[PDB]
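Structure first, then comments.
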Amino acid sequence: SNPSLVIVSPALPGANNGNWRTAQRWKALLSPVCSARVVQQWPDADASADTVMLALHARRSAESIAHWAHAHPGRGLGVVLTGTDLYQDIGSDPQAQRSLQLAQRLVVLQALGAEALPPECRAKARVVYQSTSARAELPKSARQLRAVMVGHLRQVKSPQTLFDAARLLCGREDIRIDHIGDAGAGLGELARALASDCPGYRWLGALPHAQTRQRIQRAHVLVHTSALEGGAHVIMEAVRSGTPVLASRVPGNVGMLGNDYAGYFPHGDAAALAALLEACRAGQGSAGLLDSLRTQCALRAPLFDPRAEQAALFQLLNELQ
Ligand SMILES: CC(=O)N[C@H]1[C@@H](OP(=O)(O)OP(=O)(O)OC[C@H]2O[C@@H](n3ccc(=O)[nH]c3=O)[C@H](O)[C@@H]2O)O[C@H](CO)[C@@H](O)[C@@H]1O
């Protein structure tokens, strides 16, 4: 008999964020070989038919992870390290550390993620790069540089780095920056004030996923400053659109873009990001940095094909059964 998979995701049904997107897409991808359902907590009324658990975020789903582990000791449990659990919580949070213990498998969303796990947990760690649909790569104009950052405003995304970079460039009309993401910490008020002082910066608020991918595809560069990432959706969405990236040098980003990528800046170093934006703009009048990055990003694009994520999921599913 086919397994009955239950995905635990802390996102609210229908929400437009990474946690919901992973869960829905994993459900669609595993449905050829198993019955799949997504819940916010476990157990529930239908819990006794479940045979495999895939739980997102070792701390936020901790109580559901522990209920499963106590209900099925030694069998069927995979814990997915979404970012903040892995680069924050497992250093000191007791529940985060418990879920690492109890899991049969540990899923990290890029290659560098197991490095951040304790050594006794690496043997059961598994990499599942995420996937996304492609968009055709558009030729873009050389007359100005348009940059986009996408992420609901949370401190973990370090929007202050984009804020400060925008200011360093307050006086350049040939460089434009659009910021997509809900207000989400008072960072909204900081974006409105920036937008008023520097007309080259625009905070678009939250945008539905289709329009967001369109703007990623239309922009010259995606910018991503996060202090930590499990493996950000927005970066593969750019890569699979032919839109290169500039990103903070953090393991979550470096696992996605490559160890040798030429588009990193030290995290929170706003000046280093402004200079990358300047070098990208300078290269349009002349191969410049933009095309180097694009060449490097085209080499990363196959990592985010849906057939490859499903194959990784299939094998993980066998191992939990
Ligand atoms: C740890 C961290 O810092 N982020 C993690 C978080 O995703 P998190 O939600 O933080 O950020 P992601 O980039 O991964 O996902 C955001 C998704 O929402 C969409 N979007 C966002 C704002 C908006 O206004 N309009 C819109 O459509 C983006 O295109 C993207 O598809 O959990 C994911 C796994 O579930 C991980 O892959 C992320 O690395």
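Please note that chains go A, B, ... in the order of the structure tokens, that every chain numbers its residues from 1, and that ligands are numbered from 1 in the order shown.
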
Please give me, as a PyMOL selection string, the residues lying within 6 Å of ligand 1 when counting only C-alpha atoms and all ligand atoms.
chain A and resi 16-19+22+82-84+150-152+180-182+206-209+212+228-234

Filtering to N, CA, C and O atoms, could you give me those residues as a compact mmCIF listing (two decimals), in the first residue's frame?
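Okay, out_38.txt is ready:
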# COMPACT_ATOMS: atom_id res chain seq x y z
N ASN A 16 0.96 33.70 1.00
CA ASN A 16 1.91 33.90 -0.10
C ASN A 16 3.32 34.06 0.47
O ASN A 16 3.90 35.14 0.53
N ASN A 17 3.88 32.93 0.92
CA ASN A 17 5.22 32.93 1.48
C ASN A 17 5.89 31.59 1.22
O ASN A 17 5.27 30.65 0.72
N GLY A 18 7.16 31.50 1.63
CA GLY A 18 7.96 30.33 1.33
C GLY A 18 7.42 29.06 1.94
O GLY A 18 7.38 28.01 1.28
N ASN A 19 6.99 29.12 3.21
CA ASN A 19 6.58 27.89 3.90
C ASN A 19 5.35 27.28 3.25
O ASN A 19 5.31 26.07 3.00
N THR A 22 6.44 25.82 -0.40
CA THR A 22 7.10 24.53 -0.30
C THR A 22 6.10 23.41 -0.08
O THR A 22 6.09 22.41 -0.82
N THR A 82 14.14 24.86 7.39
CA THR A 82 13.75 25.96 6.53
C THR A 82 14.57 27.22 6.56
O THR A 82 14.38 28.06 5.74
N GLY A 83 15.48 27.32 7.51
CA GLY A 83 16.38 28.45 7.58
C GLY A 83 16.79 28.90 8.95
O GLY A 83 17.86 28.74 9.45
N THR A 84 15.84 29.52 9.55
CA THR A 84 15.97 30.09 10.89
C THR A 84 16.12 29.06 11.98
O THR A 84 16.62 29.37 13.03
N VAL A 150 12.64 41.08 -3.20
CA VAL A 150 11.35 40.48 -2.92
C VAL A 150 11.46 39.74 -1.59
O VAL A 150 12.31 38.86 -1.43
N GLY A 151 10.58 40.08 -0.66
CA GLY A 151 10.58 39.48 0.65
C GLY A 151 9.71 40.28 1.59
O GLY A 151 9.85 41.51 1.67
N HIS A 152 8.78 39.62 2.27
CA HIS A 152 7.99 40.29 3.29
C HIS A 152 8.92 40.84 4.37
O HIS A 152 9.87 40.17 4.78
N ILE A 180 9.57 44.53 -3.00
CA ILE A 180 8.28 43.86 -2.94
C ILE A 180 8.22 43.06 -1.65
O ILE A 180 9.14 42.29 -1.35
N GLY A 181 7.15 43.26 -0.90
CA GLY A 181 6.98 42.55 0.35
C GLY A 181 6.05 43.30 1.27
O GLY A 181 6.04 44.53 1.30
N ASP A 182 5.27 42.54 2.03
CA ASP A 182 4.36 43.08 3.01
C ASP A 182 5.13 43.80 4.12
O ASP A 182 6.32 43.55 4.34
N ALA A 206 3.10 44.25 -0.70
CA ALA A 206 2.98 42.85 -1.08
C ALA A 206 2.33 42.74 -2.46
O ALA A 206 1.42 43.50 -2.79
N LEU A 207 2.81 41.79 -3.25
CA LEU A 207 2.27 41.60 -4.58
C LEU A 207 1.96 40.13 -4.81
O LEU A 207 2.74 39.26 -4.39
N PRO A 208 0.85 39.83 -5.48
CA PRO A 208 0.50 38.42 -5.74
C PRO A 208 1.60 37.74 -6.54
O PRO A 208 2.35 38.39 -7.27
N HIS A 209 1.67 36.42 -6.39
CA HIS A 209 2.87 35.71 -6.81
C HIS A 209 3.13 35.87 -8.30
O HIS A 209 4.29 35.98 -8.72
N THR A 212 4.67 39.20 -9.00
CA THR A 212 6.00 39.22 -8.41
C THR A 212 7.02 38.55 -9.33
O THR A 212 8.12 39.07 -9.55
N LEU A 228 20.00 35.20 6.82
CA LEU A 228 20.07 33.75 6.74
C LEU A 228 18.90 33.29 5.90
O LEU A 228 17.85 33.94 5.87
N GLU A 229 19.09 32.17 5.21
CA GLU A 229 18.08 31.61 4.32
C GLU A 229 18.21 30.09 4.36
O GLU A 229 19.31 29.55 4.37
N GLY A 230 17.07 29.40 4.40
CA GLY A 230 17.15 27.98 4.16
C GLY A 230 17.53 27.64 2.72
O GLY A 230 18.04 26.55 2.47
N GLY A 231 17.30 28.57 1.80
CA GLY A 231 17.27 28.30 0.38
C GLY A 231 16.09 29.08 -0.19
O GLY A 231 15.03 28.50 -0.42
N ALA A 232 16.29 30.38 -0.41
CA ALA A 232 15.19 31.30 -0.70
C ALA A 232 14.52 31.02 -2.04
O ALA A 232 15.19 30.90 -3.08
N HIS A 233 13.19 30.99 -2.03
CA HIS A 233 12.44 30.86 -3.28
C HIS A 233 12.80 31.97 -4.26
O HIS A 233 12.90 31.72 -5.47
N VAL A 234 12.97 33.21 -3.76
CA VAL A 234 13.09 34.35 -4.67
C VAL A 234 14.36 34.24 -5.51
O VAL A 234 14.40 34.70 -6.66

Using DSSP secondary structure from the backbone, list all strand (DSSP E or B) positions within segment 89-309 of chain A, as a VMD selection string.
chain A and resid 105 to 108 125 to 127 145 to 150 175 to 180 201 to 205 221 to 224 245 to 248 264 to 265

Selection from above, N, CA, C and O atoms, as a compact mmCIF listing (two decimals), in the first residue's frame, can you write it?
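Saved to part16.txt:
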# COMPACT_ATOMS: atom_id res chain seq x y z
N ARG A 105 15.08 11.44 9.23
CA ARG A 105 15.86 12.19 8.25
C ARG A 105 15.75 13.69 8.52
O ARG A 105 14.76 14.19 9.06
N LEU A 106 16.79 14.39 8.10
CA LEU A 106 16.89 15.83 8.19
C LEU A 106 17.04 16.37 6.77
O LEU A 106 17.96 15.97 6.05
N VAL A 107 16.15 17.26 6.36
CA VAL A 107 16.20 17.82 5.01
C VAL A 107 16.72 19.24 5.08
O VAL A 107 16.16 20.08 5.80
N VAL A 108 17.77 19.52 4.32
CA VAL A 108 18.28 20.87 4.13
C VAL A 108 18.11 21.22 2.66
O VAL A 108 18.15 20.35 1.79
N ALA A 125 21.23 13.52 7.29
CA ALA A 125 20.86 14.73 6.57
C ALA A 125 20.74 14.45 5.07
O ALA A 125 21.46 13.62 4.51
N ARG A 126 19.80 15.14 4.43
CA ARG A 126 19.51 14.97 3.01
C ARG A 126 19.27 16.33 2.37
O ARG A 126 18.58 17.17 2.94
N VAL A 127 19.85 16.56 1.18
CA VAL A 127 19.65 17.82 0.45
C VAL A 127 18.51 17.66 -0.54
O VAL A 127 18.48 16.72 -1.34
N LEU A 145 19.63 50.76 -14.97
CA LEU A 145 19.68 49.52 -14.21
C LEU A 145 18.50 49.47 -13.25
O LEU A 145 18.37 50.36 -12.41
N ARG A 146 17.65 48.45 -13.38
CA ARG A 146 16.50 48.27 -12.49
C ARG A 146 16.69 47.02 -11.62
O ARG A 146 16.93 45.92 -12.13
N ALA A 147 16.65 47.22 -10.31
CA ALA A 147 16.89 46.17 -9.35
C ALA A 147 15.60 45.92 -8.57
O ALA A 147 14.78 46.82 -8.38
N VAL A 148 15.43 44.68 -8.13
CA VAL A 148 14.26 44.31 -7.35
C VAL A 148 14.68 43.41 -6.19
O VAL A 148 15.49 42.49 -6.35
N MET A 149 14.14 43.69 -5.02
CA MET A 149 14.21 42.79 -3.88
C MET A 149 12.80 42.37 -3.50
O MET A 149 11.89 43.20 -3.48
N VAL A 150 12.64 41.08 -3.20
CA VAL A 150 11.35 40.48 -2.92
C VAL A 150 11.46 39.74 -1.59
O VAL A 150 12.31 38.86 -1.43
N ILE A 175 19.83 54.36 -11.78
CA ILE A 175 19.71 53.14 -11.00
C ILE A 175 18.41 53.21 -10.23
O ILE A 175 18.15 54.20 -9.53
N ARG A 176 17.57 52.17 -10.38
CA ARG A 176 16.23 52.09 -9.83
C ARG A 176 16.10 50.82 -9.01
O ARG A 176 16.61 49.76 -9.41
N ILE A 177 15.39 50.92 -7.88
CA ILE A 177 15.24 49.83 -6.93
C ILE A 177 13.78 49.70 -6.53
O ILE A 177 13.21 50.63 -5.94
N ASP A 178 13.20 48.54 -6.79
CA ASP A 178 11.85 48.20 -6.37
C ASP A 178 11.88 47.12 -5.29
O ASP A 178 12.58 46.11 -5.43
N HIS A 179 11.08 47.31 -4.26
CA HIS A 179 11.06 46.44 -3.09
C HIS A 179 9.67 45.85 -2.96
O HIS A 179 8.69 46.59 -2.82
N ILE A 180 9.57 44.53 -3.00
CA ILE A 180 8.28 43.86 -2.94
C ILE A 180 8.22 43.06 -1.65
O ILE A 180 9.14 42.29 -1.35
N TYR A 201 13.91 54.70 -5.18
CA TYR A 201 13.51 53.54 -4.44
C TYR A 201 12.00 53.56 -4.35
O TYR A 201 11.41 54.58 -4.17
N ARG A 202 11.40 52.41 -4.49
CA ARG A 202 9.96 52.24 -4.43
C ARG A 202 9.69 51.01 -3.59
O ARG A 202 10.31 49.97 -3.81
N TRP A 203 8.79 51.12 -2.62
CA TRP A 203 8.31 49.96 -1.88
C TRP A 203 6.92 49.63 -2.41
O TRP A 203 5.97 50.37 -2.18
N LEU A 204 6.81 48.52 -3.13
CA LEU A 204 5.53 48.21 -3.76
C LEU A 204 4.54 47.53 -2.81
O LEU A 204 3.40 47.28 -3.21
N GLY A 205 4.93 47.27 -1.57
CA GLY A 205 4.07 46.45 -0.74
C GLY A 205 4.08 45.00 -1.20
O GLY A 205 4.93 44.56 -1.98
N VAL A 221 18.41 42.77 -12.20
CA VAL A 221 19.08 42.05 -11.12
C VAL A 221 18.08 41.84 -10.01
O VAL A 221 17.24 42.70 -9.73
N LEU A 222 18.17 40.68 -9.37
CA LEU A 222 17.52 40.50 -8.08
C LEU A 222 18.56 40.80 -7.02
O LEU A 222 19.72 40.40 -7.18
N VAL A 223 18.17 41.54 -5.98
CA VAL A 223 18.99 41.81 -4.80
C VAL A 223 18.39 41.07 -3.61
O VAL A 223 17.17 41.10 -3.41
N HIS A 224 19.24 40.44 -2.81
CA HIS A 224 18.75 39.66 -1.66
C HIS A 224 19.78 39.74 -0.54
O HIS A 224 20.88 39.19 -0.66
N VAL A 245 21.62 37.69 -9.86
CA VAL A 245 21.47 38.09 -8.50
C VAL A 245 22.68 38.66 -7.83
O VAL A 245 23.78 38.34 -8.15
N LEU A 246 22.43 39.50 -6.85
CA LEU A 246 23.44 40.03 -5.97
C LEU A 246 22.91 39.60 -4.61
O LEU A 246 21.77 39.84 -4.28
N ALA A 247 23.74 38.94 -3.83
CA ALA A 247 23.29 38.45 -2.55
C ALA A 247 24.29 38.52 -1.43
O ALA A 247 25.47 38.43 -1.64
N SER A 248 23.79 38.66 -0.22
CA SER A 248 24.66 38.61 0.95
C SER A 248 25.30 37.24 1.05
O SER A 248 24.65 36.20 0.86
N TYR A 264 28.36 38.12 -4.61
CA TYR A 264 28.14 38.24 -3.18
C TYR A 264 28.73 39.54 -2.63
O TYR A 264 29.67 40.11 -3.19
N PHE A 265 28.15 39.98 -1.52
CA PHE A 265 28.68 41.06 -0.71
C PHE A 265 28.60 40.62 0.75
O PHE A 265 27.72 39.82 1.10

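Considering only C-alpha atoms, the residue among A:81, A:190, A:271, A:262 positioned nearest to residue 288 of chain A is A:262.
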
Long-range neighbours of residue 56 of chain A as a PyMOL selection string, 6 Å cut-off, only C-alpha atoms, 5 positions minimum in chain:
chain A and resi 8-9+80

Could you save those same residues with N, CA, C and O atoms as a PDB file, in the first residue's frame?
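Resulting contents of selection_30.pdb:
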ATOM      1  N   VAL A   8       3.597  19.040   7.620  1.00  0.00           N
ATOM      2  CA  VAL A   8       3.321  20.048   8.641  1.00  0.00           C
ATOM      3  C   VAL A   8       4.021  21.339   8.250  1.00  0.00           C
ATOM      4  O   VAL A   8       5.258  21.399   8.188  1.00  0.00           O
ATOM      5  N   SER A   9       3.229  22.379   8.027  1.00  0.00           N
ATOM      6  CA  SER A   9       3.743  23.656   7.597  1.00  0.00           C
ATOM      7  C   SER A   9       3.120  24.718   8.492  1.00  0.00           C
ATOM      8  O   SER A   9       1.884  24.748   8.653  1.00  0.00           O
ATOM      9  N   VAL A  80      12.346  19.248   8.151  1.00  0.00           N
ATOM     10  CA  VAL A  80      12.853  20.104   7.083  1.00  0.00           C
ATOM     11  C   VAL A  80      13.357  21.403   7.702  1.00  0.00           C
ATOM     12  O   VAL A  80      12.571  22.163   8.276  1.00  0.00           O
TER      13      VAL A  80
END

As a ChimeraX atom specification, please: every residue in segment 74-156 of chain A that DSSP puts in alpha helix (DSSP H).
/A:94-102

Excluding same-chain residues fewer than 6 positions from residue 266 of chain A, what lies within 12 Å of it counting only C-alpha atoms, as JSON, numbers by chain?
{"A": [161, 224, 225, 226, 227, 246, 247, 248, 249, 250, 251, 253, 254, 272, 273, 274, 275, 276]}

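Neighbouring residues of residue 291 of chain A at 12 Å or closer, counting only C-alpha atoms and skipping chain neighbours under 5 positions away, are residues 139, 140, 142, 220, 221, 242, 243, 244, 245, 262, 263, 279, 280, 281, 282, 283, 284, 286, 296, 297 and 298 of chain A.
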
Can those selected residues be exported to a file as a PDB file, in the first residue's frame so that it contains C-alpha atoms?
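selection-v1.pdb was written with the following content:
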ATOM      1  CA  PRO A 139      16.445  41.019 -23.331  1.00  0.00           C
ATOM      2  CA  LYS A 140      16.658  44.180 -21.260  1.00  0.00           C
ATOM      3  CA  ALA A 142      21.068  49.183 -21.421  1.00  0.00           C
ATOM      4  CA  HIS A 220      18.010  43.547 -14.483  1.00  0.00           C
ATOM      5  CA  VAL A 221      19.078  42.053 -11.115  1.00  0.00           C
ATOM      6  CA  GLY A 242      17.347  34.666 -16.511  1.00  0.00           C
ATOM      7  CA  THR A 243      17.647  37.389 -13.921  1.00  0.00           C
ATOM      8  CA  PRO A 244      21.012  37.440 -12.148  1.00  0.00           C
ATOM      9  CA  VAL A 245      21.473  38.087  -8.504  1.00  0.00           C
ATOM     10  CA  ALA A 262      30.891  36.655  -8.325  1.00  0.00           C
ATOM     11  CA  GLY A 263      27.796  38.434  -6.964  1.00  0.00           C
ATOM     12  CA  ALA A 279      29.576  47.977 -11.295  1.00  0.00           C
ATOM     13  CA  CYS A 280      26.478  46.361 -12.861  1.00  0.00           C
ATOM     14  CA  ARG A 281      25.338  49.733 -14.194  1.00  0.00           C
ATOM     15  CA  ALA A 282      28.796  50.591 -15.542  1.00  0.00           C
ATOM     16  CA  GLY A 283      28.944  47.304 -17.427  1.00  0.00           C
ATOM     17  CA  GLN A 284      25.870  48.103 -19.501  1.00  0.00           C
ATOM     18  CA  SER A 286      30.736  48.769 -22.828  1.00  0.00           C
ATOM     19  CA  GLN A 296      26.968  31.883 -13.824  1.00  0.00           C
ATOM     20  CA  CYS A 297      23.243  31.898 -13.054  1.00  0.00           C
ATOM     21  CA  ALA A 298      22.386  29.940 -16.210  1.00  0.00           C
TER      22      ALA A 298
END

Taking only C-alpha atoms into account, name the residue in A:119, A:184, A:91, A:32 that is nearest to residue 156 of chain A.
A:184

Considering only C-alpha atoms, can you say which of A:97, A:110, A:321, A:88 comes closest to residue 252 of chain A?
A:110

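Ranking A:71, A:317, A:6, A:165 by their shortest atom-to-atom distance to residue 269 of chain A, with only C-alpha atoms included, puts A:165 first.
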
Between A:169, A:79, A:236, A:34, which residue has the minimum interatomic distance to residue 217 of chain A, considering only C-alpha atoms?
A:236

Spatial neighbours of residue 36 of chain A, 7 Å, only C-alpha atoms, chain gap at least 3 places, as JSON, numbers by chain
{"A": [4, 5, 6, 27, 31]}

Using C-alpha atoms, can you export the residues from the last selection as a PDB file, in the first residue's frame?
ATOM      1  CA  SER A   4       0.000   8.410   3.605  1.00  0.00           C
ATOM      2  CA  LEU A   5       2.193  11.507   3.881  1.00  0.00           C
ATOM      3  CA  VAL A   6       1.334  14.415   6.161  1.00  0.00           C
ATOM      4  CA  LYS A  27       2.199  17.827  -2.076  1.00  0.00           C
ATOM      5  CA  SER A  31       1.067  12.749  -5.221  1.00  0.00           C
TER       6      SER A  31
END

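Contact shell of residue 72 of chain A at 12 Å (only C-alpha atoms; same-chain neighbours under 4 positions omitted): residues 43, 47, 48, 50, 51, 52, 53, 65, 66, 67, 68, 76, 77, 102, 103, 104 and 320 of chain A.
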
Take the residues just selected and output them with N, CA, C and O atoms as a PDB file, in the first residue's frame.
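Here's the written file result01.pdb:
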ATOM      1  N   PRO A  43      -1.210  15.716  16.031  1.00  0.00           N
ATOM      2  CA  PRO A  43      -2.300  15.023  15.326  1.00  0.00           C
ATOM      3  C   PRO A  43      -3.558  15.853  15.166  1.00  0.00           C
ATOM      4  O   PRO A  43      -3.725  16.907  15.771  1.00  0.00           O
ATOM      5  N   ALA A  47      -5.478  11.777  11.892  1.00  0.00           N
ATOM      6  CA  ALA A  47      -4.058  11.493  12.038  1.00  0.00           C
ATOM      7  C   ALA A  47      -3.713  10.005  11.993  1.00  0.00           C
ATOM      8  O   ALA A  47      -2.554   9.666  11.714  1.00  0.00           O
ATOM      9  N   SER A  48      -4.658   9.103  12.277  1.00  0.00           N
ATOM     10  CA  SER A  48      -4.255   7.711  12.463  1.00  0.00           C
ATOM     11  C   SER A  48      -4.041   6.985  11.142  1.00  0.00           C
ATOM     12  O   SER A  48      -3.381   5.945  11.118  1.00  0.00           O
ATOM     13  N   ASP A  50      -2.160   8.364   8.904  1.00  0.00           N
ATOM     14  CA  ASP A  50      -0.879   8.852   8.399  1.00  0.00           C
ATOM     15  C   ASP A  50       0.229   7.848   8.698  1.00  0.00           C
ATOM     16  O   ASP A  50       0.267   7.249   9.777  1.00  0.00           O
ATOM     17  N   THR A  51       1.150   7.688   7.740  1.00  0.00           N
ATOM     18  CA  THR A  51       2.317   6.834   7.921  1.00  0.00           C
ATOM     19  C   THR A  51       3.662   7.546   7.777  1.00  0.00           C
ATOM     20  O   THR A  51       4.672   7.010   8.248  1.00  0.00           O
ATOM     21  N   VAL A  52       3.711   8.726   7.170  1.00  0.00           N
ATOM     22  CA  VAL A  52       4.958   9.476   7.038  1.00  0.00           C
ATOM     23  C   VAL A  52       4.689  10.946   7.334  1.00  0.00           C
ATOM     24  O   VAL A  52       3.699  11.512   6.861  1.00  0.00           O
ATOM     25  N   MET A  53       5.604  11.578   8.076  1.00  0.00           N
ATOM     26  CA  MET A  53       5.531  13.002   8.404  1.00  0.00           C
ATOM     27  C   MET A  53       6.719  13.762   7.822  1.00  0.00           C
ATOM     28  O   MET A  53       7.874  13.361   8.022  1.00  0.00           O
ATOM     29  N   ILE A  65       6.209  17.692  15.763  1.00  0.00           N
ATOM     30  CA  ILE A  65       7.295  16.749  15.515  1.00  0.00           C
ATOM     31  C   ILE A  65       7.410  15.777  16.677  1.00  0.00           C
ATOM     32  O   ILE A  65       7.548  14.564  16.480  1.00  0.00           O
ATOM     33  N   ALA A  66       7.315  16.286  17.907  1.00  0.00           N
ATOM     34  CA  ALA A  66       7.438  15.423  19.081  1.00  0.00           C
ATOM     35  C   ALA A  66       6.227  14.495  19.247  1.00  0.00           C
ATOM     36  O   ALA A  66       6.388  13.331  19.635  1.00  0.00           O
ATOM     37  N   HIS A  67       5.008  14.979  18.968  1.00  0.00           N
ATOM     38  CA  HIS A  67       3.842  14.087  19.011  1.00  0.00           C
ATOM     39  C   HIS A  67       4.009  12.912  18.051  1.00  0.00           C
ATOM     40  O   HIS A  67       3.700  11.760  18.394  1.00  0.00           O
ATOM     41  N   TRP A  68       4.476  13.185  16.829  1.00  0.00           N
ATOM     42  CA  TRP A  68       4.716  12.105  15.873  1.00  0.00           C
ATOM     43  C   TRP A  68       5.777  11.140  16.393  1.00  0.00           C
ATOM     44  O   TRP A  68       5.613   9.914  16.328  1.00  0.00           O
ATOM     45  N   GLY A  76       9.359   7.020  10.162  1.00  0.00           N
ATOM     46  CA  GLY A  76       8.489   7.851   9.334  1.00  0.00           C
ATOM     47  C   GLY A  76       8.620   9.358   9.466  1.00  0.00           C
ATOM     48  O   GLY A  76       7.798  10.083   8.899  1.00  0.00           O
ATOM     49  N   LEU A  77       9.606   9.865  10.183  1.00  0.00           N
ATOM     50  CA  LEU A  77       9.647  11.291  10.491  1.00  0.00           C
ATOM     51  C   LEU A  77      10.815  11.973   9.784  1.00  0.00           C
ATOM     52  O   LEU A  77      11.982  11.616   9.994  1.00  0.00           O
ATOM     53  N   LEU A 102      15.004  13.575  17.119  1.00  0.00           N
ATOM     54  CA  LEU A 102      13.923  12.622  16.897  1.00  0.00           C
ATOM     55  C   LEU A 102      13.763  12.238  15.438  1.00  0.00           C
ATOM     56  O   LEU A 102      13.210  11.168  15.154  1.00  0.00           O
ATOM     57  N   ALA A 103      14.224  13.080  14.516  1.00  0.00           N
ATOM     58  CA  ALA A 103      13.988  12.828  13.102  1.00  0.00           C
ATOM     59  C   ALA A 103      14.686  11.557  12.644  1.00  0.00           C
ATOM     60  O   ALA A 103      15.793  11.232  13.092  1.00  0.00           O
ATOM     61  N   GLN A 104      14.032  10.847  11.728  1.00  0.00           N
ATOM     62  CA  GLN A 104      14.716   9.792  10.994  1.00  0.00           C
ATOM     63  C   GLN A 104      15.580  10.391   9.894  1.00  0.00           C
ATOM     64  O   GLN A 104      16.702   9.926   9.657  1.00  0.00           O
ATOM     65  N   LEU A 320      11.976   7.017   4.376  1.00  0.00           N
ATOM     66  CA  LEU A 320      11.094   7.091   5.536  1.00  0.00           C
ATOM     67  C   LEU A 320      10.161   5.888   5.617  1.00  0.00           C
ATOM     68  O   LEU A 320       9.686   5.569   6.712  1.00  0.00           O
TER      69      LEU A 320
END

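Here atom CA of residue 54 of chain A stands at a distance of 10.4 Å from atom CA of residue 39 of chain A.
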
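Restricting the calculation to only C-alpha atoms, the smallest distance between residue 38 of chain A and any of A:128, A:109, A:58, A:7 is found for A:7.
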
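The gap separating atom CA of residue 240 of chain A from atom CA of residue 162 of chain A is 22.8 Å, in Å to one decimal.
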